[PDB]
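A note on names: the letters A, B, ... follow the listed sequences, proteins ahead of strands, and every chain is numbered from 1.
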Amino acid sequence: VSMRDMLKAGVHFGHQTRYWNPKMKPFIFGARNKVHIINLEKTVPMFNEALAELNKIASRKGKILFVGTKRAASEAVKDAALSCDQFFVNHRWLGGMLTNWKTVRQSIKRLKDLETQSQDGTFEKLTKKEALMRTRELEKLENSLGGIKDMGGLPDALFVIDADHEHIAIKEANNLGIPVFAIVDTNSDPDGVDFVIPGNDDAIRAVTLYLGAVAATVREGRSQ
RNA sequence: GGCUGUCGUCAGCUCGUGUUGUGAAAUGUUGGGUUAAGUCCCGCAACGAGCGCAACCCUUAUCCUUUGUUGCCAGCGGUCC
Ligand SMILES: [Mg+2]
Ligand SMILES: [Mg+2]
Ligand SMILES: [Mg+2]
Ligand SMILES: [Mg+2]
Ligand SMILES: [Mg+2]
Ligand SMILES: [Mg+2]
Ligand SMILES: [Mg+2]
(Lines give C-alpha, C1' and ligand atoms only; values in the text may rest on other atoms or scores of the structure.)
(Ligands and ions follow the chains in the order given, each with its own letter.)
Protein backbone atom coordinates (compact mmCIF):
# COMPACT_ATOMS: atom_id res chain seq x y z
CA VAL A 1 0.00 0.00 0.00
CA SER A 2 1.22 3.47 -0.95
CA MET A 3 0.47 7.01 0.21
CA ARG A 4 -0.60 8.18 -3.26
CA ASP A 5 -3.05 5.31 -3.67
CA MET A 6 -4.50 6.21 -0.27
CA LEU A 7 -4.95 9.88 -1.19
CA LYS A 8 -6.46 8.90 -4.55
CA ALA A 9 -9.38 7.09 -2.87
CA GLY A 10 -10.32 9.92 -0.49
CA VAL A 11 -8.62 8.60 2.66
CA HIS A 12 -7.52 12.18 3.41
CA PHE A 13 -11.15 13.12 4.10
CA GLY A 14 -12.35 13.05 7.69
CA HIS A 15 -15.46 14.30 9.49
CA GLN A 16 -16.74 17.70 10.58
CA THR A 17 -15.09 19.73 13.33
CA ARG A 18 -18.19 19.64 15.56
CA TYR A 19 -18.27 15.82 15.66
CA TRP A 20 -14.65 15.01 16.57
CA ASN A 21 -13.71 12.66 19.38
CA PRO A 22 -10.75 14.14 21.33
CA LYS A 23 -9.34 10.70 22.16
CA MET A 24 -7.67 10.68 18.72
CA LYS A 25 -6.53 14.28 18.55
CA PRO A 26 -2.99 12.94 17.79
CA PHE A 27 -4.13 11.26 14.54
CA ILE A 28 -5.34 14.56 13.01
CA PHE A 29 -3.06 16.77 10.90
CA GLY A 30 -5.23 19.80 10.18
CA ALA A 31 -8.59 21.12 9.09
CA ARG A 32 -10.01 22.66 5.91
CA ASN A 33 -13.56 23.79 5.09
CA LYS A 34 -14.60 22.84 8.65
CA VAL A 35 -13.50 19.22 8.12
CA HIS A 36 -10.60 17.41 9.77
CA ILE A 37 -7.71 16.05 7.70
CA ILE A 38 -6.20 12.76 8.83
CA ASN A 39 -2.42 12.64 9.26
CA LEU A 40 -1.88 9.79 6.81
CA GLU A 41 1.86 9.67 7.51
CA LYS A 42 0.65 7.96 10.67
CA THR A 43 -1.77 5.83 8.63
CA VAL A 44 0.84 4.14 6.41
CA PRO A 45 3.00 2.48 9.12
CA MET A 46 -0.12 1.44 11.05
CA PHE A 47 -1.71 -0.14 7.98
CA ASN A 48 1.53 -1.89 7.02
CA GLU A 49 2.16 -3.41 10.45
CA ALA A 50 -1.52 -4.36 10.73
CA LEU A 51 -1.30 -6.23 7.42
CA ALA A 52 1.89 -7.92 8.63
CA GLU A 53 0.17 -9.09 11.81
CA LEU A 54 -2.93 -10.21 9.91
CA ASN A 55 -0.92 -12.40 7.54
CA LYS A 56 1.22 -13.69 10.42
CA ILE A 57 -1.96 -14.82 12.20
CA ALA A 58 -3.13 -16.28 8.89
CA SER A 59 0.05 -18.36 8.94
CA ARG A 60 -0.82 -19.16 12.57
CA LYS A 61 -4.03 -20.84 11.27
CA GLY A 62 -6.63 -18.57 12.85
CA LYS A 63 -10.01 -18.17 11.19
CA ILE A 64 -11.24 -14.62 10.66
CA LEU A 65 -14.53 -12.76 10.27
CA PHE A 66 -15.22 -9.54 8.37
CA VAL A 67 -17.63 -7.13 10.06
CA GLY A 68 -19.37 -4.47 7.99
CA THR A 69 -23.10 -3.74 8.16
CA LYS A 70 -23.53 -0.47 6.24
CA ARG A 71 -26.21 -0.53 3.56
CA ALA A 72 -23.84 0.82 0.87
CA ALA A 73 -20.82 -1.25 1.97
CA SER A 74 -22.08 -4.84 2.30
CA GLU A 75 -21.02 -6.13 -1.12
CA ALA A 76 -17.37 -5.15 -0.68
CA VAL A 77 -17.13 -6.92 2.68
CA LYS A 78 -18.91 -10.06 1.51
CA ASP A 79 -16.83 -10.33 -1.68
CA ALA A 80 -13.51 -9.59 0.04
CA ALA A 81 -14.25 -12.33 2.57
CA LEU A 82 -15.67 -14.78 0.02
CA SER A 83 -12.60 -14.56 -2.22
CA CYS A 84 -10.43 -15.13 0.83
CA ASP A 85 -11.82 -18.43 2.24
CA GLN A 86 -12.93 -16.62 5.41
CA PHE A 87 -16.14 -15.56 7.19
CA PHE A 88 -18.28 -12.43 6.97
CA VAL A 89 -21.30 -10.64 8.45
CA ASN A 90 -23.15 -8.00 6.42
CA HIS A 91 -26.49 -7.55 8.23
CA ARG A 92 -27.49 -6.59 11.78
CA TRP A 93 -25.06 -8.07 14.30
CA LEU A 94 -27.11 -10.53 16.35
CA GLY A 95 -26.23 -9.35 19.85
CA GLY A 96 -24.30 -11.88 21.89
CA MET A 97 -23.45 -14.24 19.02
CA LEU A 98 -19.96 -14.65 20.54
CA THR A 99 -20.56 -14.54 24.31
CA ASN A 100 -23.79 -16.54 23.95
CA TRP A 101 -22.65 -18.94 21.22
CA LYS A 102 -24.32 -21.96 22.85
CA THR A 103 -27.85 -20.82 21.94
CA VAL A 104 -27.08 -19.33 18.51
CA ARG A 105 -25.04 -22.23 17.12
CA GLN A 106 -28.19 -24.36 16.79
CA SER A 107 -29.64 -21.75 14.46
CA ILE A 108 -26.86 -23.00 12.19
CA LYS A 109 -28.29 -26.52 12.34
CA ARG A 110 -31.78 -25.15 11.77
CA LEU A 111 -30.56 -23.31 8.67
CA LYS A 112 -28.81 -26.44 7.39
CA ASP A 113 -31.92 -28.59 7.85
CA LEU A 114 -34.04 -25.94 6.15
CA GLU A 115 -31.63 -25.75 3.21
CA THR A 116 -31.62 -29.54 2.81
CA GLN A 117 -35.42 -29.48 2.80
CA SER A 118 -35.21 -26.65 0.25
CA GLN A 119 -32.78 -28.19 -2.26
CA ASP A 120 -33.84 -31.78 -1.62
CA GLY A 121 -37.40 -31.84 -3.00
CA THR A 122 -39.29 -31.71 0.30
CA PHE A 123 -41.14 -28.45 -0.38
CA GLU A 124 -43.84 -30.05 -2.51
CA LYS A 125 -46.11 -32.28 -0.41
CA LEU A 126 -47.55 -29.99 2.26
CA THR A 127 -50.80 -28.15 1.71
CA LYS A 128 -49.48 -25.07 -0.12
CA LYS A 129 -49.63 -22.72 2.89
CA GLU A 130 -46.66 -23.33 5.21
CA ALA A 131 -44.20 -23.20 2.29
CA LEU A 132 -44.52 -19.41 2.51
CA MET A 133 -43.42 -19.44 6.16
CA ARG A 134 -40.60 -21.88 5.37
CA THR A 135 -39.34 -19.70 2.51
CA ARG A 136 -39.38 -16.60 4.71
CA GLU A 137 -37.54 -18.61 7.36
CA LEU A 138 -34.83 -19.47 4.83
CA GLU A 139 -34.65 -15.80 3.83
CA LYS A 140 -34.27 -14.48 7.38
CA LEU A 141 -31.86 -17.14 8.63
CA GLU A 142 -29.80 -16.48 5.50
CA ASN A 143 -29.71 -12.70 5.86
CA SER A 144 -28.98 -12.77 9.59
CA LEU A 145 -26.47 -15.58 10.14
CA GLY A 146 -26.10 -17.26 6.75
CA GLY A 147 -22.50 -16.09 6.41
CA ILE A 148 -21.00 -18.11 9.28
CA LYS A 149 -22.72 -21.42 8.60
CA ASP A 150 -19.42 -23.35 8.58
CA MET A 151 -17.75 -21.36 11.36
CA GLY A 152 -17.24 -24.32 13.68
CA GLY A 153 -16.15 -22.41 16.78
CA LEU A 154 -14.89 -19.05 17.92
CA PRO A 155 -12.75 -16.96 15.54
CA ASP A 156 -9.19 -15.81 16.15
CA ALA A 157 -9.38 -12.25 14.79
CA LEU A 158 -11.99 -9.67 13.88
CA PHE A 159 -11.94 -6.98 11.19
CA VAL A 160 -14.32 -4.10 11.83
CA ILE A 161 -15.83 -1.35 9.67
CA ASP A 162 -17.03 1.83 11.42
CA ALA A 163 -15.98 1.10 15.01
CA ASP A 164 -18.78 3.44 16.11
CA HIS A 165 -21.46 1.57 14.17
CA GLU A 166 -19.98 -1.80 15.23
CA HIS A 167 -19.09 -1.40 18.91
CA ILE A 168 -21.27 -4.22 20.28
CA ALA A 169 -19.06 -6.72 18.46
CA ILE A 170 -15.99 -4.91 19.80
CA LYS A 171 -17.18 -5.30 23.40
CA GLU A 172 -18.12 -8.93 22.75
CA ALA A 173 -14.61 -9.66 21.49
CA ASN A 174 -12.94 -7.68 24.29
CA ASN A 175 -14.80 -9.93 26.72
CA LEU A 176 -13.11 -12.99 25.18
CA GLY A 177 -9.62 -11.48 24.81
CA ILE A 178 -9.66 -11.68 21.00
CA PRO A 179 -7.64 -9.10 19.02
CA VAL A 180 -9.59 -6.57 16.96
CA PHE A 181 -8.48 -4.70 13.83
CA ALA A 182 -10.84 -1.82 13.12
CA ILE A 183 -11.12 1.17 10.80
CA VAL A 184 -11.81 4.40 12.69
CA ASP A 185 -12.90 7.83 11.50
CA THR A 186 -12.13 10.91 13.57
CA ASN A 187 -15.41 10.47 15.49
CA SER A 188 -14.54 7.02 16.84
CA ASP A 189 -13.49 5.51 20.15
CA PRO A 190 -10.06 3.85 19.83
CA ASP A 191 -10.17 2.33 23.32
CA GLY A 192 -11.36 -1.18 22.47
CA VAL A 193 -9.07 -1.68 19.48
CA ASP A 194 -5.42 -2.70 19.84
CA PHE A 195 -4.45 -2.28 16.16
CA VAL A 196 -5.87 1.07 15.05
CA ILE A 197 -5.96 2.05 11.37
CA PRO A 198 -6.97 5.69 10.84
CA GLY A 199 -8.73 6.68 7.64
CA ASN A 200 -12.04 7.67 6.10
CA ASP A 201 -14.62 4.91 6.35
CA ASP A 202 -17.68 6.38 4.58
CA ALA A 203 -16.36 6.20 1.00
CA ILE A 204 -16.58 2.99 -1.02
CA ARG A 205 -13.15 3.46 -2.61
CA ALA A 206 -11.19 3.54 0.65
CA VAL A 207 -13.19 0.66 2.14
CA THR A 208 -12.61 -1.59 -0.86
CA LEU A 209 -8.95 -0.52 -0.82
CA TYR A 210 -8.60 -1.73 2.77
CA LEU A 211 -10.53 -4.91 2.00
CA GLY A 212 -8.39 -5.72 -1.03
CA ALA A 213 -5.19 -5.12 0.93
CA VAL A 214 -6.25 -7.38 3.79
CA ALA A 215 -7.52 -10.13 1.48
CA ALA A 216 -4.24 -10.02 -0.45
CA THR A 217 -2.14 -10.26 2.70
CA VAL A 218 -4.28 -13.11 4.06
CA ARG A 219 -3.79 -15.04 0.82
CA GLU A 220 -0.07 -14.31 1.16
CA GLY A 221 -0.06 -15.71 4.69
CA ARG A 222 -1.89 -18.82 3.54
CA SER A 223 0.67 -19.22 0.74
CA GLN A 224 3.27 -19.82 3.46
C1' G B 1 -57.15 -34.43 49.79
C1' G B 2 -60.66 -34.45 46.03
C1' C B 3 -64.41 -31.42 43.75
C1' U B 4 -66.86 -26.36 42.58
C1' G B 5 -67.98 -20.71 42.25
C1' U B 6 -65.82 -15.88 40.64
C1' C B 7 -62.70 -12.14 38.26
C1' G B 8 -63.15 -14.01 32.80
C1' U B 9 -63.28 -17.06 27.16
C1' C B 10 -60.38 -11.31 29.92
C1' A B 11 -55.26 -11.67 26.47
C1' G B 12 -52.38 -12.31 29.25
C1' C B 13 -48.30 -15.21 32.56
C1' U B 14 -43.19 -16.95 32.69
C1' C B 15 -38.12 -19.42 31.80
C1' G B 16 -32.65 -20.69 29.88
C1' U B 17 -28.35 -18.25 28.08
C1' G B 18 -26.35 -13.22 27.13
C1' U B 19 -26.09 -7.98 28.47
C1' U B 20 -27.09 -3.47 31.94
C1' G B 21 -27.15 -1.96 37.45
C1' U B 22 -23.28 -1.92 44.24
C1' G B 23 -28.47 -3.67 44.75
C1' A B 24 -34.14 -4.67 44.89
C1' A B 25 -34.51 -5.35 39.56
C1' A B 26 -34.45 -4.36 33.94
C1' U B 27 -34.20 -6.05 28.80
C1' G B 28 -36.60 -9.82 25.97
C1' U B 29 -42.65 -8.53 26.48
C1' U B 30 -40.43 -1.44 24.16
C1' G B 31 -41.20 1.42 18.89
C1' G B 32 -44.52 2.10 13.39
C1' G B 33 -48.42 -0.28 11.26
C1' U B 34 -52.42 -4.23 11.87
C1' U B 35 -55.88 -7.89 14.15
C1' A B 36 -61.09 -10.75 17.54
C1' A B 37 -56.16 -12.01 19.81
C1' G B 38 -48.55 -11.24 23.19
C1' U B 39 -52.71 -12.20 15.57
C1' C B 40 -49.10 -10.97 11.97
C1' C B 41 -45.10 -7.83 9.22
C1' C B 42 -40.87 -4.39 9.83
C1' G B 43 -37.06 -2.24 12.88
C1' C B 44 -34.34 -3.48 17.80
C1' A B 45 -28.74 -5.91 23.16
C1' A B 46 -30.93 -9.49 22.60
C1' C B 47 -31.05 -14.79 20.91
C1' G B 48 -34.54 -18.96 21.80
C1' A B 49 -38.39 -21.63 24.37
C1' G B 50 -43.10 -22.94 27.36
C1' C B 51 -48.48 -22.27 29.16
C1' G B 52 -52.32 -19.18 26.94
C1' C B 53 -54.84 -17.23 21.28
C1' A B 54 -55.79 -19.90 16.74
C1' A B 55 -56.03 -25.29 14.46
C1' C B 56 -57.27 -30.75 15.67
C1' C B 57 -63.40 -32.45 18.28
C1' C B 58 -69.34 -32.53 18.00
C1' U B 59 -73.81 -30.56 15.42
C1' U B 60 -76.30 -27.48 11.23
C1' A B 61 -76.50 -25.56 5.95
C1' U B 62 -74.88 -27.80 -0.44
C1' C B 63 -73.61 -31.94 -3.50
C1' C B 64 -71.50 -37.23 -4.51
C1' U B 65 -71.14 -43.03 -3.89
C1' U B 66 -73.03 -47.77 -1.47
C1' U B 67 -77.75 -50.68 0.98
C1' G B 68 -83.31 -50.55 0.74
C1' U B 69 -86.76 -52.65 5.87
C1' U B 70 -90.44 -51.98 9.55
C1' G B 71 -88.66 -46.44 5.46
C1' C B 72 -90.03 -44.08 -0.11
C1' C B 73 -93.87 -44.18 -4.65
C1' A B 74 -91.70 -41.05 -10.51
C1' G B 75 -92.89 -44.32 -14.53
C1' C B 76 -96.58 -49.34 -15.39
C1' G B 77 -101.15 -53.57 -13.99
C1' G B 78 -105.31 -54.22 -10.44
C1' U B 79 -108.36 -51.76 -6.79
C1' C B 80 -112.92 -52.70 -1.59
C1' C B 81 -109.67 -45.78 -2.96
MG1 LIG C 1 -22.90 -7.63 36.95
MG1 LIG D 1 -46.81 -9.11 30.17
MG1 LIG E 1 -40.53 -7.10 32.15
MG1 LIG F 1 -38.67 -0.14 26.90
MG1 LIG G 1 -46.60 -3.80 19.54
MG1 LIG H 1 -48.35 -16.24 20.89
MG1 LIG I 1 -59.38 -22.52 21.29
Side-chain angles (χ1 to χ4, degrees), chain A residues 15 19 21-24 62-79 81-82 86-120 122-185 187-196 201-204 207:
Chain A
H15 270 198
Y19 297 128
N21 188 313
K23 270 180 202 160
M24 64 183 73
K63 314 149 85 160
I64 62 170
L65 177 71
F66 292 76
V67 172
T69 76
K70 291 184 182 290
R71 191 183 65 189
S74 311
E75 68 273 16
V77 176
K78 64 90 176 179
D79 271 326
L82 181 137
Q86 306 300 142
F87 298 87
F88 70 104
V89 174
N90 46 319
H91 285 94
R92 154 178 180 258
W93 171 280
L94 277 296
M97 73 151 69
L98 258 64
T99 55
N100 189 359
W101 175 257
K102 277 73 69 178
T103 188
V104 297
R105 61 103 167 183
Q106 69 263 33
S107 175
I108 301 299
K109 296 183 289 294
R110 172 56 178 204
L111 183 63
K112 290 176 161 19
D113 200 306
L114 259 179
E115 86 169 4
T116 53
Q117 277 166 344
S118 180
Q119 300 302 320
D120 214 5
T122 308
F123 293 170
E124 293 170 349
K125 277 74 65 178
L126 280 74
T127 56
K128 218 179 182 288
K129 175 178 159 58
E130 63 95 29
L132 285 75
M133 179 160 275
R134 285 203 183 274
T135 305
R136 202 178 211 77
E137 204 179 5
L138 274 296
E139 173 81 25
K140 281 46 199 173
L141 282 71
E142 212 77 27
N143 290 318
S144 66
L145 59 84
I148 62 158
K149 65 179 73 174
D150 291 331
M151 189 67 203
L154 294 184
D156 279 304
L158 262 184
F159 206 74
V160 175
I161 299 298
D162 203 336
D164 285 293
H165 193 70
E166 295 301 301
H167 76 274
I168 291 184
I170 291 188
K171 182 175 73 175
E172 279 200 55
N174 283 43
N175 201 302
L176 312 168
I178 285 173
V180 178
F181 313 83
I183 307 297
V184 297
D185 291 331
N187 64 6
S188 178
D189 195 75
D191 280 336
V193 185
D194 62 358
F195 286 103
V196 193
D201 190 359
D202 279 330
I204 317 177
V207 169

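Atom CE of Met97(A) is separated from atom P of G48(B) by 11 Å (rounded to the nearest Å). The nearest whole Å value for the distance from the CD atom in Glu130(A) to the P atom in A55(B) is 19 Å. With rounding to whole Å, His91(A) atom NE2 is found 18 Å from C47(B) atom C1'. Distance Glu166(A) CD to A45(B) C1': 13 Å, rounded to the nearest Å. Nucleotide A49(B) holds its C1' atom 16 Å from the CZ atom of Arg105(A), rounded to whole Å. Between the CG atom of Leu98(A) and the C1' atom of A45(B) there is a distance of 14 Å, rounded to whole Å.
Residues meeting the side-chain contact (heavy atoms from CB on, under 4.5 Å) test with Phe88(A), sequence neighbours left out: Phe66(A), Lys78(A), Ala81(A), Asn90(A). A search for side chain to side chain donor-acceptor pair (under 3.5 Å) contacts involving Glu142(A) returns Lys149(A), not counting sequence neighbours. Scanning for side chain to side chain donor-acceptor pair (under 3.5 Å) contacts around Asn100(A) gives an empty result, with sequence neighbours left out. Listed by chain and number, the residues in a side-chain contact (heavy atoms from CB on, under 4.5 Å) with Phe123(A) are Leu114(A), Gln117(A), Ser118(A), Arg134(A), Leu138(A) (sequence neighbours excluded). In this view, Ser144(A) and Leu94(A) satisfy the side-chain contact (heavy atoms from CB on, under 4.5 Å) rule, not counting sequence neighbours. Not a single side-chain contact (heavy atoms from CB on, under 4.5 Å) links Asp156(A) to another residue, sequence neighbours left out.
For the pair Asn21(A) (side chain) and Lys23(A) (backbone), a donor-acceptor distance under 3.5 Å is present. At distances below 3.5 Å, at least one donor-acceptor pair connects side-chain atoms of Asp185(A) with backbone N or O atoms of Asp201(A).
In this entry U29(B) carries a south-puckered sugar, per its negative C1'-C2'-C3'-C4' angle. For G38(B), the sugar pucker falls south, since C1'-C2'-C3'-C4' comes out negative. For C44(B), the sign convention on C1'-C2'-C3'-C4' gives a north pucker, since the angle is positive. A positive value of the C1'-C2'-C3'-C4' torsion places the sugar of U65(B) in the north (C3'-endo) family. A positive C1'-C2'-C3'-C4' torsion places the sugar of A49(B) in the north, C3'-endo-side range.
If you take atom P in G16(B) and the same atom in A26(B), they sit 13 Å apart, rounded to whole Å. To the nearest whole angstrom, the two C1' atoms, one in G52(B) and one in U9(B), are 11 Å apart. Rounded to a whole angstrom, the distance from the P atom of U4(B) to that of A24(B) is 41 Å. Taking atom P in both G38(B) and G33(B), one finds a spacing of 15 Å when rounded to whole Å. A gap of 32 Å separates the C1' atoms of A37(B) and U62(B), to the nearest Å. Taking the P atom of each, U6(B) and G31(B) are spaced 35 Å apart, rounded to whole Å. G12(B) and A54(B): their P atoms are spaced 14 Å apart (whole Å).
Neighbours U65(B) and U66(B) stack on each other, since their six-membered rings have centres under 5.5 Å apart and planes tilted under 30°. For the neighbouring bases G78(B) and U79(B), a stacking contact is recorded, both ring-centre distance under 5.5 Å and ring-plane angle under 30° holding. Annotated as stacked: the bases of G33(B) and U34(B), by the 5.5 Å centre and 30° plane rule. Without both centres closer than 5.5 angstrom and planes tilted by less than 30 degrees, the six-membered rings of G8(B) and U9(B) do not count as a stacked pair. Stacking annotation: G28(B) and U29(B) stacked (six-membered ring centroids under 5.5 angstrom, interplanar angle under 30°).
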Where do N or O atoms of nucleotides 17-22 of chain B meet protein N or O atoms at under 3.5 Å, pair by pair?
from	atom 1	to	atom 2	distance (Å)
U17(B)	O2'	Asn100(A)	OD1	2.6
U17(B)	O2	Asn100(A)	ND2	2.5
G18(B)	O4'	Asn100(A)	ND2	3.4
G18(B)	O2'	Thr99(A)	OG1	3.1
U19(B)	OP1	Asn175(A)	ND2	3.4
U19(B)	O3'	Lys171(A)	NZ	3.2

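Contact check of residues 143-159 of chain A against RNA chain B (heavy atom, cut-off under 4.0 Å) returns no residues at all.
In this structure the side chain of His167(A) never reaches within 4.5 angstrom of the side chain of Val160(A), judged on heavy atoms. Using a 4.5 Å heavy-atom threshold, the side chains of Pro179(A) and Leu158(A) count as separate. Between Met151(A) and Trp101(A), some side-chain heavy-atom pair lies under the 4.5 Å cut-off.
Other residues, nucleotides and ligands contribute more than 12 heavy atoms inside 6.0 Å of the CD atom of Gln106(A).
Among residues at least two apart or in separate chains, salt bridge (charged side-chain N to carboxylate O under 4.0 Å, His left out) pairs with a member in residues 96-112 of chain A are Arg110(A)-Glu137(A), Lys112(A)-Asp150(A). Each salt bridge (charged side-chain N to carboxylate O under 4.0 Å, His left out) pair with one or both residues in residues 158-179 of chain A, not counting sequence neighbours, appears once here: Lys70(A)-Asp162(A).
For the atom pair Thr99(A) OG1 and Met97(A) CE, the distance stands at 10.0 Å (nearest 0.5 Å).
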B/S/- along nucleotides 28-42 of chain B (protein heavy atoms under 4.0 Å) is -------------SS

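If you find the closest nucleotide of RNA chain B to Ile168(A) and to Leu141(A), the one lying nearer the 5' end belongs to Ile168(A).
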Dot-bracket for RNA chain B, 5' to 3', counting Watson-Crick or G-U wobble pairs under 3.5 Å, with [ ] for crossing pairs and | for inter-strand pairs?
...........(((((((((....)))...(((......)))...))))))..............................

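A close approach under 4.0 Å does not occur between any side-chain nitrogen or oxygen of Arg92(A) and OP1 or OP2 of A46(B).
Residue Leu94(A) is classed as a sugar-phosphate contact, given heavy-atom separations below 4.0 Å to backbone atoms only.
Side chains of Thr69(A) and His91(A): a donor-acceptor N/O pair is absent below 3.5 angstrom, by distance only.
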